[PDB]
Amino acid sequence: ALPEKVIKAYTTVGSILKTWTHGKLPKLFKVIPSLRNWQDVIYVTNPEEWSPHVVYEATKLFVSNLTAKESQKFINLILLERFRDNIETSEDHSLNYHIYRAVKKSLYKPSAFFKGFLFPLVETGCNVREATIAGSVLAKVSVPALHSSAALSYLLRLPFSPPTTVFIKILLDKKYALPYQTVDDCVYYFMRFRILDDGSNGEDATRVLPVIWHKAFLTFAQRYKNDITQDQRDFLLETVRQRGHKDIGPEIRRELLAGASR
Amino acid sequence: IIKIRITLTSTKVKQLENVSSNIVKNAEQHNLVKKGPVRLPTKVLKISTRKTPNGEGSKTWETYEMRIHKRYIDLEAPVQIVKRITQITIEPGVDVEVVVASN
Amino acid sequence: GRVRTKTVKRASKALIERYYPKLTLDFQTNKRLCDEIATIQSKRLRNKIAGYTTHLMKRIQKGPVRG
Amino acid sequence: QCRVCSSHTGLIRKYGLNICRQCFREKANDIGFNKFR
Amino acid sequence: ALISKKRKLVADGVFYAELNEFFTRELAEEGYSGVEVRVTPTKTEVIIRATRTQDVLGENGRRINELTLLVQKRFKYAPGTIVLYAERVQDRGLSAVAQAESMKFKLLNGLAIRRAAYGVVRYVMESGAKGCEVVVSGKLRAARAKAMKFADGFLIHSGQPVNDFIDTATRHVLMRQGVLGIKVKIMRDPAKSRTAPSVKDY
RNA sequence: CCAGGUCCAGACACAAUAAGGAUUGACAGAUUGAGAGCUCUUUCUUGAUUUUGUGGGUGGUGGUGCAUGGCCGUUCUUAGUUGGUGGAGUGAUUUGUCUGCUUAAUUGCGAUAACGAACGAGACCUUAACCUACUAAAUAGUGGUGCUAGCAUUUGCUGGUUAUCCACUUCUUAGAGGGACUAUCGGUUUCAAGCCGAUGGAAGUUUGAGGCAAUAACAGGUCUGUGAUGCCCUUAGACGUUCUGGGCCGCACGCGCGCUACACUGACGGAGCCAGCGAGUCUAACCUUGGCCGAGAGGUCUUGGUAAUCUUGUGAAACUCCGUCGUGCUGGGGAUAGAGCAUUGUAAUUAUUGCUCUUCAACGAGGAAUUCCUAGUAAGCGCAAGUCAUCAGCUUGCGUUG
Ligand SMILES: [Mg+2]
Ligand SMILES: [Zn+2]
């Protein structure tokens with residue numbers, strides 16, 4: 001158990017931080033990133049009823065002053081849960097602007113943002129509004145190429161949902177130089193929707209794909225047509241000739257036939 | 001040997017009567033000392049509401065109403081009998097409360 | 001005006017065209033008479049029907065009626 | 001405030017409930033408030 | 001906690017109404033009919049009475065834990081005090097194949113012949129079944145074959161509702177001595193079927 | 001809503017620069033005006049997160065339009081309508097839906113080219129007032145019996161005692177039933193459904209009240225729902241954020257809802273003293289009993305109640321009696337204003353509110369006109385619940401007199 005001096009001091013600064021709007025942070029609040037044990041300290045400060053201003057400033061301090069695993073533990077235990085709470089307890093199902101700035105600034109460290117925020121969210125109830133908000137945040141913040149590559153590669157191995165397709169939009173519109181194995185994993189994600197006539201099919205072979213997936217197929221086939229092999233090009237042509245779209249599909253096959261093998 | 005006061009609160013009177021009759025007929029059938037179901041007065045909870053959500057016409061009023069009934073039966077029983085009755089008697093609409101002390 | 005409903009009138013018309021002789025001028029006997037012959041869902045409606053059959057026993061004893 | 005329809009007007013603050021009246025008038029029966037008299 | 005009594009009951013009714021509307025809007029495609037919750041001194045139990053239950057528990061309970069966290073995060077509860085229970089279709093005490101393989105694995109583990117029968121009958125009975133019957137035929141670690149049957153509840157044996165309601169699975173457990181016959185028959189609820197004057201003398 | 005002070009823009013593409021420096025943070029200071037910022041000298045992390053400039057638009061936590069589905073709010077607020085078959089007419093149309101009579105009613109009777117049947121209304125639900133007959137109680141009350149107190153004693157009265165025991169529900173209450181169905185009589189009516197008067201009844205205007213349908217009409221409101229959807233820019237705009245300070249109450253005034261009065265059925269001082277609808281605190285500080293201090297406002301020290309248990313018997317007010325005042329803008333009235341003391345609020349000035357003293361303004365039953373109302377009802381009177389941090393003259397209820 002914690003000593004009672006730490007308990008009453010951090011209960012006091014927790015009672016301070018309920019109405020913080022401006023100015024400087026408290027001194028005992030600014031030394032928690034310098035502490036070897038942060039997690040017992042921040043629990044006594046009553047993490048759920050923070051102000052949005054201290055959510056954004058705690059995001060700034062606890063991203064710019066930590067390591068990657070420390071920041072992913074911070075975002076998964078604190079900011080992801082308050083993100084979920086401030087959407088599902090909001091009355092028009094909206095997000096506050098300071099919380100939006102916090103989720104924006106927490107992708108300055110990208111790996112911690114991904115593995116603490118995005119990847120638990122898509123497996124623990126990612127609905128339309130949460131993913132629209134998070135896809136907008138991921139659309140704003142400039143990321144490096146490899147973290148976009150690896151987070152996209154996690155999004156390809158996920159089971160199908162149109163929120164996952166929206167995340168696949170946002171990470172496939174960056175036009176970054178992916179590794180060839182990431183393009184291979186994009187191909188393998190685009191294999192599981194086609195129909196196999198040999199007797200091995202699932203839910204994704206015969207389900208209804210919206211316009212969003214065919215725009216994703218257009219985006220991947222226009223950027224990464226030169227980073228595929230000819231066998232993968234023929235398998236994607238099989239995917240085109242099985243489930244092509246009325247208004248997007250001819251464009252995708254005429255830009256897939258205009259790609260060079262590696 | 002412990003004395004247990006069981007107080008039952010319910011808005012519906014039929015399920016409360018069935019629960020109280022089952023409690024009395026279960027307590028008398030295996031020789032426990034007890035009191036009868038003491039009947040508190042029914043609380044009537046009233047609130048006032050406008051007839052005009054929109055500002056047209058004169059201002060007139062209505063009333064919404066509730067009925068809440070309360071009974072309590074005093075029992076004397078061992079611990080396992082109290083635990084098995086508390087496990088059995090849980091029904092929707094009737095709230096069962098178990099009081100240990102007598103002060 | 002306290003004009004009675006058509007269900008009470010039609011039930012009394014059926015019970016007096018078919019079950020004339022055991023009904024009498026006493027409403028209190030007619031209450032459990034229409035309890036023991038008719039399946040009426042409420043005490044109020046069976047009181048209405050029993051009072052109306054009592055009143056039609058009142059004016060049927062003076063002469064014939066169209067029914 | 002009213003956590004149904006973002007209502008900042010017509011609140012009733014009794015019992016820590018903070019629903020607006022225009023959302024209370026259709027959700028009263030699901031809560032338990034039924035029209036008797 | 002520690003709410004005054006009328007405020008406690010009205011806020012409890014708001015809690016029923018909010019979970020009723022949340023489970024009306026969330027699992028509309030999984031046959032939502034109603035909910036009931038049980039309050040225990042240890043934790044709080046949510047019983048989901050939805051008539052398409054195989055889509056409610058997905059792969060390794062993912063949607064169950066998803067709805068559990070939706071109850072957890074919005075309603076300000078400690079981690080582990082809520083458990084959402086599935087009742088209607090994919091209850092494991094309502095399929096005879098699952099209970100036959102269960103008593104197969106219980107006899108193969110080295111349990112008693114009687115206590116495993118108590119366990120499977122109580123697990124079928126507490127899952128929402130109208131009746132059950134356990135038939136075990138074999139050597140029972142002896143030199144003579146024994147036929148011995150136990151029925152609990154209310155079951156039928158003839159007619160067209162036999163073809164509509166019961167489920168019977170026949171299995172053969174391999175023991176160290178010989179083989180034994182495993183027959184489990186489960187009766188489910190038929191209300192869950194969604195688809196001159198004369199004087200005599202003595 | 002203003003007067004000012006700050007952040008943070010921009011996703012993306014392209015070109016210079018940049019690691020031999022573009023620049024992100026912990027700072028300590030110079031700061032900095034009103035407050036935070038902002039910037040630059042170190043101690044240090046620095047390390048592309050780029051800085052600057054051009055371009056469709058990303059962003060639609062950018063909104064208005066078009067299609068769908070949908071929920072809420074109104075109305076023909078359906079309370080007489082429609083339709084099927086028939087008849088009549090080339091047709092628009094009509095008969096059903098009517099010469100008469102009756103009803104609250106197009107509710108019925110009767111007659112008949114009309115005859116069926118549906119939704120209207122009638123009707124279904126929910127409430128009230130009487131049950132000394134059930135069936136039943138320390139979270140309600142009464143009476144008897146103990147222990148005990150005070151007084152005349154000649155038997156009594158007034159009490160205490162959340163367990164000393166017993167009985168009961170007469171009152172309180174939870175119920176099951178009863179009862180009313182316009183019962184009976186007399187007028188009136190084709191003497192047909194009904195209406196009115198009298199008796200009995202707890203209840204005899206439909207004993208009194210509202211919710212519920214089916215139907216045709218709503219450019220009504222949004223759902224932060226979806227469809228390469230029409231509109232304007234895509235950003236130096238703050239429709240995003242903050243910081244303080246002011247307001248919404250400022251006053252020739254008109255209109256309206258109310259309070260207090262113009263007085264002696266009354267103002268003032270003592271004594272008598274009667275309610276009910278309520279409500280009340282946890283991981284906090286509600287309702288507050290009781291004792292001390294203070295003129296009071298109130299403060300303070302404790303205790304009870306998470307509630308038929310304590311506040312509370314809410315000992316409320318109007319009222320009742322006994323004294324003061326004599327018709328004199330009086331001792332009626334209490335507007336305005338000043339001073340001091342307290343309480344809540346971070347903060348009380350444009351005075352939050354309460355107390356003490358003083359100031360004692362108009363105003364001698366109100367014109368034209370106008371509001372509401374038929375029995376526990378008008379009116380007077382206070383109390384409780386919401387708005388609540390503090391006050392009501394705001395609203396809803398309750399009770400007293402009537
Ligand atoms: Mg015709
Ligand atoms: Zn609302």
# chains A, B, ... in the order shown; residues from 1 in each chain; ligands from 1
>>> interface_residues(of="chain D", to="chain B", cutoff="7 Å", atoms="only C-alpha atoms", output="list in words")
residues 33, 35, 36 and 37 of chain D
>>> write_last_selection(atoms="N, CA and C atoms", output="tab-separated table (two decimals), in the first residue's frame")
chain	number	residue	atom	x	y	z
D	33	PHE	N	-42.59	5.39	-14.06
D	33	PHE	CA	-43.66	6.36	-13.85
D	33	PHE	C	-44.78	6.10	-14.85
D	35	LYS	N	-48.98	6.57	-15.88
D	35	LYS	CA	-50.13	7.44	-15.69
D	35	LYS	C	-51.25	6.67	-15.00
D	36	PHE	N	-51.54	7.04	-13.76
D	36	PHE	CA	-52.67	6.50	-13.02
D	36	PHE	C	-53.78	7.52	-12.80
D	37	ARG	N	-53.46	8.66	-12.20
D	37	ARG	CA	-54.46	9.69	-11.95
D	37	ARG	C	-53.82	11.07	-11.87
>>> residues_near_ligand(ligand="ligand 2", cutoff="12 Å", atoms="only C-alpha atoms (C1' of nucleotides) and all ligand atoms", output="ChimeraX atom specification")
/A:91-92 /D:1-12,17-27 /F:72,222
>>> residues_around(residues="region 149-153 of chain A", least_positions_apart="3", cutoff="8 Å", atoms="only C-alpha atoms (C1' of nucleotides)", output="MDAnalysis selection string")
chainID A and resid 114 145:146 156:157 168 171:172 178:179 182 185:186
>>> residues_around(residues="region 37-43 of chain F", least_positions_apart="3", cutoff="10 Å", atoms="only C-alpha atoms (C1' of nucleotides)", output="list in words")
residues 22 and 23 of chain A; 5, 6, 7, 27, 28, 29, 30, 31, 32 and 243 of chain F
>>> residues_near_ligand(ligand="ligand 1", cutoff="10 Å", atoms="only C-alpha atoms (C1' of nucleotides) and all ligand atoms", output="ChimeraX atom specification")
/F:84-87,95
>>> decode(residues="region 42-77 of chain B", atoms="N, CA, C and O atoms", output="PDB file, in the first residue's frame")
ATOM      1  N   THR B  42     -49.325   2.852   2.413  1.00  0.00           N
ATOM      2  CA  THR B  42     -48.869   2.990   1.036  1.00  0.00           C
ATOM      3  C   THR B  42     -48.479   4.438   0.772  1.00  0.00           C
ATOM      4  O   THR B  42     -49.298   5.350   0.931  1.00  0.00           O
ATOM      5  N   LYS B  43     -47.222   4.646   0.390  1.00  0.00           N
ATOM      6  CA  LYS B  43     -46.771   5.963  -0.035  1.00  0.00           C
ATOM      7  C   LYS B  43     -47.336   6.264  -1.418  1.00  0.00           C
ATOM      8  O   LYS B  43     -47.208   5.452  -2.341  1.00  0.00           O
ATOM      9  N   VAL B  44     -47.957   7.430  -1.559  1.00  0.00           N
ATOM     10  CA  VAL B  44     -48.401   7.926  -2.853  1.00  0.00           C
ATOM     11  C   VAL B  44     -47.491   9.088  -3.263  1.00  0.00           C
ATOM     12  O   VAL B  44     -47.361  10.097  -2.561  1.00  0.00           O
ATOM     13  N   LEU B  45     -46.791   8.908  -4.382  1.00  0.00           N
ATOM     14  CA  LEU B  45     -45.807   9.873  -4.861  1.00  0.00           C
ATOM     15  C   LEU B  45     -46.408  10.603  -6.055  1.00  0.00           C
ATOM     16  O   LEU B  45     -46.634  10.001  -7.110  1.00  0.00           O
ATOM     17  N   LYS B  46     -46.655  11.898  -5.892  1.00  0.00           N
ATOM     18  CA  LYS B  46     -47.320  12.700  -6.906  1.00  0.00           C
ATOM     19  C   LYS B  46     -46.388  13.793  -7.416  1.00  0.00           C
ATOM     20  O   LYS B  46     -45.593  14.359  -6.657  1.00  0.00           O
ATOM     21  N   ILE B  47     -46.451  14.040  -8.724  1.00  0.00           N
ATOM     22  CA  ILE B  47     -45.699  15.100  -9.383  1.00  0.00           C
ATOM     23  C   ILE B  47     -46.635  15.831 -10.335  1.00  0.00           C
ATOM     24  O   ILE B  47     -47.560  15.232 -10.894  1.00  0.00           O
ATOM     25  N   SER B  48     -46.396  17.128 -10.518  1.00  0.00           N
ATOM     26  CA  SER B  48     -47.250  17.961 -11.353  1.00  0.00           C
ATOM     27  C   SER B  48     -46.614  18.187 -12.718  1.00  0.00           C
ATOM     28  O   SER B  48     -45.398  18.359 -12.833  1.00  0.00           O
ATOM     29  N   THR B  49     -47.452  18.186 -13.753  1.00  0.00           N
ATOM     30  CA  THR B  49     -47.002  18.320 -15.129  1.00  0.00           C
ATOM     31  C   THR B  49     -47.941  19.287 -15.841  1.00  0.00           C
ATOM     32  O   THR B  49     -49.138  19.320 -15.548  1.00  0.00           O
ATOM     33  N   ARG B  50     -47.387  20.109 -16.729  1.00  0.00           N
ATOM     34  CA  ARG B  50     -48.194  21.006 -17.547  1.00  0.00           C
ATOM     35  C   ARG B  50     -48.988  20.228 -18.591  1.00  0.00           C
ATOM     36  O   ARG B  50     -48.541  19.198 -19.104  1.00  0.00           O
ATOM     37  N   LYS B  51     -50.186  20.732 -18.906  1.00  0.00           N
ATOM     38  CA  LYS B  51     -50.914  20.253 -20.075  1.00  0.00           C
ATOM     39  C   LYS B  51     -50.413  20.883 -21.365  1.00  0.00           C
ATOM     40  O   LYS B  51     -50.801  20.429 -22.447  1.00  0.00           O
ATOM     41  N   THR B  52     -49.579  21.919 -21.277  1.00  0.00           N
ATOM     42  CA  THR B  52     -49.112  22.683 -22.432  1.00  0.00           C
ATOM     43  C   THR B  52     -47.595  22.582 -22.522  1.00  0.00           C
ATOM     44  O   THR B  52     -46.875  23.375 -21.895  1.00  0.00           O
ATOM     45  N   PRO B  53     -47.064  21.598 -23.258  1.00  0.00           N
ATOM     46  CA  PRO B  53     -45.636  21.653 -23.618  1.00  0.00           C
ATOM     47  C   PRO B  53     -45.303  22.821 -24.530  1.00  0.00           C
ATOM     48  O   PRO B  53     -44.193  23.365 -24.462  1.00  0.00           O
ATOM     49  N   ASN B  54     -46.241  23.222 -25.382  1.00  0.00           N
ATOM     50  CA  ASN B  54     -46.095  24.374 -26.256  1.00  0.00           C
ATOM     51  C   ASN B  54     -46.945  25.523 -25.728  1.00  0.00           C
ATOM     52  O   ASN B  54     -47.985  25.309 -25.100  1.00  0.00           O
ATOM     53  N   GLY B  55     -46.497  26.748 -25.995  1.00  0.00           N
ATOM     54  CA  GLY B  55     -47.156  27.925 -25.458  1.00  0.00           C
ATOM     55  C   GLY B  55     -48.390  28.380 -26.214  1.00  0.00           C
ATOM     56  O   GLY B  55     -48.426  29.499 -26.732  1.00  0.00           O
ATOM     57  N   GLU B  56     -49.409  27.524 -26.281  1.00  0.00           N
ATOM     58  CA  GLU B  56     -50.686  27.859 -26.898  1.00  0.00           C
ATOM     59  C   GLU B  56     -51.805  27.560 -25.913  1.00  0.00           C
ATOM     60  O   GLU B  56     -51.839  26.477 -25.318  1.00  0.00           O
ATOM     61  N   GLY B  57     -52.717  28.515 -25.743  1.00  0.00           N
ATOM     62  CA  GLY B  57     -53.838  28.340 -24.844  1.00  0.00           C
ATOM     63  C   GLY B  57     -53.509  28.703 -23.410  1.00  0.00           C
ATOM     64  O   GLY B  57     -52.418  29.173 -23.074  1.00  0.00           O
ATOM     65  N   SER B  58     -54.493  28.477 -22.544  1.00  0.00           N
ATOM     66  CA  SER B  58     -54.348  28.765 -21.127  1.00  0.00           C
ATOM     67  C   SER B  58     -53.511  27.686 -20.441  1.00  0.00           C
ATOM     68  O   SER B  58     -53.282  26.598 -20.976  1.00  0.00           O
ATOM     69  N   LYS B  59     -53.052  28.002 -19.231  1.00  0.00           N
ATOM     70  CA  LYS B  59     -52.192  27.109 -18.460  1.00  0.00           C
ATOM     71  C   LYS B  59     -53.052  26.252 -17.537  1.00  0.00           C
ATOM     72  O   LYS B  59     -53.684  26.767 -16.609  1.00  0.00           O
ATOM     73  N   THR B  60     -53.070  24.947 -17.791  1.00  0.00           N
ATOM     74  CA  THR B  60     -53.738  23.974 -16.940  1.00  0.00           C
ATOM     75  C   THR B  60     -52.815  22.779 -16.715  1.00  0.00           C
ATOM     76  O   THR B  60     -51.818  22.598 -17.419  1.00  0.00           O
ATOM     77  N   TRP B  61     -53.143  21.977 -15.703  1.00  0.00           N
ATOM     78  CA  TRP B  61     -52.190  21.061 -15.094  1.00  0.00           C
ATOM     79  C   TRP B  61     -52.787  19.665 -14.961  1.00  0.00           C
ATOM     80  O   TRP B  61     -54.007  19.486 -14.959  1.00  0.00           O
ATOM     81  N   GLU B  62     -51.903  18.666 -14.858  1.00  0.00           N
ATOM     82  CA  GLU B  62     -52.293  17.303 -14.513  1.00  0.00           C
ATOM     83  C   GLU B  62     -51.329  16.778 -13.452  1.00  0.00           C
ATOM     84  O   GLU B  62     -50.402  17.475 -13.029  1.00  0.00           O
ATOM     85  N   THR B  63     -51.552  15.537 -13.016  1.00  0.00           N
ATOM     86  CA  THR B  63     -50.728  14.928 -11.980  1.00  0.00           C
ATOM     87  C   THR B  63     -50.402  13.490 -12.368  1.00  0.00           C
ATOM     88  O   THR B  63     -51.295  12.741 -12.772  1.00  0.00           O
ATOM     89  N   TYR B  64     -49.129  13.118 -12.261  1.00  0.00           N
ATOM     90  CA  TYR B  64     -48.697  11.733 -12.365  1.00  0.00           C
ATOM     91  C   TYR B  64     -48.559  11.141 -10.969  1.00  0.00           C
ATOM     92  O   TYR B  64     -48.202  11.832 -10.013  1.00  0.00           O
ATOM     93  N   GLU B  65     -48.840   9.845 -10.857  1.00  0.00           N
ATOM     94  CA  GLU B  65     -48.963   9.223  -9.547  1.00  0.00           C
ATOM     95  C   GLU B  65     -48.210   7.903  -9.496  1.00  0.00           C
ATOM     96  O   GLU B  65     -48.069   7.209 -10.504  1.00  0.00           O
ATOM     97  N   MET B  66     -47.768   7.556  -8.285  1.00  0.00           N
ATOM     98  CA  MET B  66     -47.118   6.294  -7.953  1.00  0.00           C
ATOM     99  C   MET B  66     -47.700   5.728  -6.667  1.00  0.00           C
ATOM    100  O   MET B  66     -48.245   6.458  -5.838  1.00  0.00           O
ATOM    101  N   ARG B  67     -47.583   4.412  -6.519  1.00  0.00           N
ATOM    102  CA  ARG B  67     -47.959   3.714  -5.298  1.00  0.00           C
ATOM    103  C   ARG B  67     -46.816   2.798  -4.883  1.00  0.00           C
ATOM    104  O   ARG B  67     -46.332   2.001  -5.693  1.00  0.00           O
ATOM    105  N   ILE B  68     -46.378   2.926  -3.630  1.00  0.00           N
ATOM    106  CA  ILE B  68     -45.289   2.128  -3.071  1.00  0.00           C
ATOM    107  C   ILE B  68     -45.779   1.516  -1.764  1.00  0.00           C
ATOM    108  O   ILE B  68     -46.208   2.243  -0.860  1.00  0.00           O
ATOM    109  N   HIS B  69     -45.700   0.191  -1.654  1.00  0.00           N
ATOM    110  CA  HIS B  69     -46.135  -0.534  -0.467  1.00  0.00           C
ATOM    111  C   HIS B  69     -44.931  -1.106   0.270  1.00  0.00           C
ATOM    112  O   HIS B  69     -43.931  -1.477  -0.351  1.00  0.00           O
ATOM    113  N   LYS B  70     -45.035  -1.176   1.598  1.00  0.00           N
ATOM    114  CA  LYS B  70     -43.956  -1.665   2.448  1.00  0.00           C
ATOM    115  C   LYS B  70     -44.497  -2.650   3.474  1.00  0.00           C
ATOM    116  O   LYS B  70     -45.458  -2.344   4.185  1.00  0.00           O
ATOM    117  N   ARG B  71     -43.869  -3.824   3.555  1.00  0.00           N
ATOM    118  CA  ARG B  71     -44.152  -4.806   4.591  1.00  0.00           C
ATOM    119  C   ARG B  71     -42.843  -5.194   5.265  1.00  0.00           C
ATOM    120  O   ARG B  71     -41.767  -5.094   4.672  1.00  0.00           O
ATOM    121  N   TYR B  72     -42.936  -5.640   6.518  1.00  0.00           N
ATOM    122  CA  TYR B  72     -41.775  -6.234   7.169  1.00  0.00           C
ATOM    123  C   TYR B  72     -42.210  -7.356   8.099  1.00  0.00           C
ATOM    124  O   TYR B  72     -43.172  -7.208   8.858  1.00  0.00           O
ATOM    125  N   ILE B  73     -41.505  -8.485   8.012  1.00  0.00           N
ATOM    126  CA  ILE B  73     -41.773  -9.675   8.812  1.00  0.00           C
ATOM    127  C   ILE B  73     -40.527  -9.980   9.633  1.00  0.00           C
ATOM    128  O   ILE B  73     -39.418 -10.027   9.088  1.00  0.00           O
ATOM    129  N   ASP B  74     -40.708 -10.191  10.933  1.00  0.00           N
ATOM    130  CA  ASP B  74     -39.610 -10.510  11.834  1.00  0.00           C
ATOM    131  C   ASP B  74     -39.477 -12.022  11.977  1.00  0.00           C
ATOM    132  O   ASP B  74     -40.472 -12.727  12.167  1.00  0.00           O
ATOM    133  N   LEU B  75     -38.243 -12.516  11.874  1.00  0.00           N
ATOM    134  CA  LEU B  75     -37.967 -13.945  11.908  1.00  0.00           C
ATOM    135  C   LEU B  75     -36.883 -14.257  12.933  1.00  0.00           C
ATOM    136  O   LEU B  75     -36.098 -13.394  13.331  1.00  0.00           O
ATOM    137  N   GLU B  76     -36.861 -15.521  13.359  1.00  0.00           N
ATOM    138  CA  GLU B  76     -35.785 -16.083  14.165  1.00  0.00           C
ATOM    139  C   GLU B  76     -35.409 -17.428  13.565  1.00  0.00           C
ATOM    140  O   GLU B  76     -36.244 -18.337  13.504  1.00  0.00           O
ATOM    141  N   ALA B  77     -34.160 -17.560  13.130  1.00  0.00           N
ATOM    142  CA  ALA B  77     -33.750 -18.695  12.314  1.00  0.00           C
ATOM    143  C   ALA B  77     -32.241 -18.856  12.440  1.00  0.00           C
ATOM    144  O   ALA B  77     -31.536 -17.905  12.805  1.00  0.00           O
TER     145      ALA B  77
END
